[PDB]
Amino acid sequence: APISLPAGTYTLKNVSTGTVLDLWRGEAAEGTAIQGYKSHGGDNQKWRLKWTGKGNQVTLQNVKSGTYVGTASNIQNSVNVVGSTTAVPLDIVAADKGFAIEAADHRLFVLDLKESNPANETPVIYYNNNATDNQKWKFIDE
């Protein structure tokens, strides 16, 4: 079958833990934490994938908040991934399990579920791509 990753709304499930990409209660405030959390079907755990028109770059927009995957500071190892009105452009890169989500302009760095911790509220960070399983995300379309 043809395999496509269409623009649309997704649950993004961390390969290492089975917890999902989660924006804290869906708050639209700048810097609102993005984290790993048990799937509960809330709109704060749904993300809109959309291509920007530049290269293959995309943004991810939280369904509850309307804010985007952004950054607490200058994208570096251990920098928090956070909700922002300013989107960080991303590349979705096929991995051996799921997809890596790369910083388009800082391609060394990917979304990383800190220390592969399945605990609720475990922080998601930018980190050097080692293609460990906490740096891979299953894309579940809805």
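Numbering starts at 1 and runs along the sequence shown.
As recorded in the PDB entry, 25-33 is the stretch of 48-56 and 25-33 with the greater mean C-alpha temperature factor. On average the C-alpha atoms of 60-68 have higher B-factors than those of the other stretch, with 60-68 and 88-96 being the two compared. Compared with the other modelled residues of the chain, the Cα B-factor recorded for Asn14 ranks in the middle third. Annotation for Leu108: CA B-factor lies in the highest third of the chain's modelled residues. Compared with the other modelled residues of the chain, the Cα B-factor recorded for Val82 ranks in the highest third.
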